[PDB]
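As structure tokens, one chain now follows by itself in the form deposited in one PDB entry.
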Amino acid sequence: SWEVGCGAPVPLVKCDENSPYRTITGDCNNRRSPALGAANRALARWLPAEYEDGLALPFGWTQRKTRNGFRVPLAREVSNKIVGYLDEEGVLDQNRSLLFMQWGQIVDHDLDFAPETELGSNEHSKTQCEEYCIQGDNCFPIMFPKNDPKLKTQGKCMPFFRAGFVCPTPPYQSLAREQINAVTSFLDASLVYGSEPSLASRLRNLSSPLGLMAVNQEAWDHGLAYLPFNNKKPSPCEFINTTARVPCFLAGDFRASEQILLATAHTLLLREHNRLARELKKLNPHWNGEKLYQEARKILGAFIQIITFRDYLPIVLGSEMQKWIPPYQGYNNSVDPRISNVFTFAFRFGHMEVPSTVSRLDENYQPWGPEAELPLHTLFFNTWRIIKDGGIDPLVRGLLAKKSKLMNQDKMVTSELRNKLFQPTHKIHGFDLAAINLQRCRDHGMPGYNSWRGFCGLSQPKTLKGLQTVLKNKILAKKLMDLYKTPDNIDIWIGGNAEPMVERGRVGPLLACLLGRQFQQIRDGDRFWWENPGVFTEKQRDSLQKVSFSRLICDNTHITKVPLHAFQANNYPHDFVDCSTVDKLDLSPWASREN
């Protein structure tokens, strides 16, 4: 609320109700309600927002005001007391590859983005926030607690800007602040293509009628394509190594260059689109560029859907997969397709799956050169290590043969993210993602832990003893109670991640329920779901069923050896097979003549 830095450009389109293609914005998916799921609308609220003043001020804004009669603990202080740990030994997930973590970030970026308020460029507001740690309007700084080492080294706070929100509209009667989702709620490869028509065009190759995406014209990966550079300045990716001065990539998603392995995945996906287009041009020489672009975009969309539901969700949701996502029963035009506010915090479980280092491996999956293993923080906004240090293949190999971090109640978020995160506007490897997540929960008016437990029909701990029983962990419960006084006040991000994981899964009960429900809706509420009859032919669906991430790698790199199950932990060579033995996508069902 209170208008400063609100709104987004929602472009009005008349719906082509008969198009076999998704729109870019996500409009027209739901025929009765064409905006449901579209980009640049409010996140859905599963429960009403909870703000200090009932409208817009986050809990923790006014020093005097309590939450349920208790002060809320500083976000950095929760992080120090609970989230950090020293020893990386034994922290790794023994049955999940690094690809597990990375795929999660990909799915997340496809579904939701809540950009920070653009106070504008040229800001004295940035100055008053960063330099003076002054709370006001969109500046909601993360203040360091007493004895924080960052006090001695960084200042009084980390700057933090409140998320973007829907503008008050002409009733202007009083409503709670609603944050915006800038990307389409459908699992539709929007992170590749854009959620905005203008960028979508700019990303395409329109010089040729071949339906390709634009590729870098200054650099190649042993003949294979790189994303175009983003030429907007100043560039964080340039900042981190001004000698090398390699800019960030330009993708369908703003966040693509945040870390080297995300940039990698974005590259594999772009390569795939162009491969699909070239193949379809071979099968159908008469098809034009629009047709080629749309059809390859349509396939790549389904590819993301299949990998997520067949390979990813089962090993996240474990024993709960069946309870939340039973066999598909066809498109339901009454299901809300929109991403919920709470989901965007629930999906941040992946922050506990990121390890402290990244490795480049050679063709024998051995350490590549003398600086094979790098600390994670050196790779935020890092495109030079790709362009000028060996391409994507060495990184892809580590994705396959290295492991995700396991979530650990005693070892939650690695120091690389908890102390050394680099933010694109700022200049220091000095931020705390865990403190940011907690602050952001408050920013977004998140109801508290016991609110969500109830939403999910789970017991709601009220005492230390009750929480110890929920957490199966005495010390964690006690530290939580000392900080929060009441489990009612525990911020949803820390609360949900504190729970021991469900059987065969990588999240606890509360999170399994929140994620499960959202993924159910994402499938059932999508008119272009790949399994919705008429979206693909039957023969095409039979082809699609054979897609795998291993094939994507084989088709789009010079790696010739891959595991069959890329998401589990795999060791070279025993678990790797030659690419020739891996199922391909058969495109013959897309062949199209007139006779």
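Residues that one form lacks are left out of the comparison. Rigid core here is just the name for the largest C-alpha set that superposes within 1.5 Å across the two forms. Residue indices: 1-based, along the sequence shown.
One more form of this protein should be noted, the form deposited in another entry, which is absent from this view; the next part is about it.
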Core-aligned CA displacement of residue 573 at least 2 Å between this form and the one not shown: no
Flag for residue 7, CA shift 2 Å or larger between this form and the one not shown after aligning core: yes
Cα distance between residue 28 and residue 7, which in the other entry differs by 3 Å or more from this form, closer or farther: closer
Distance direction in the other entry for the C-alpha atoms of residue 6 and residue 135, relative to the displayed form (3 angstroms or more): farther
Superposed on the rigid core, segments between this form and the one not shown of at least 3 residues with Cα shifts of 2 Å or more: 1 to 10, 119 to 121
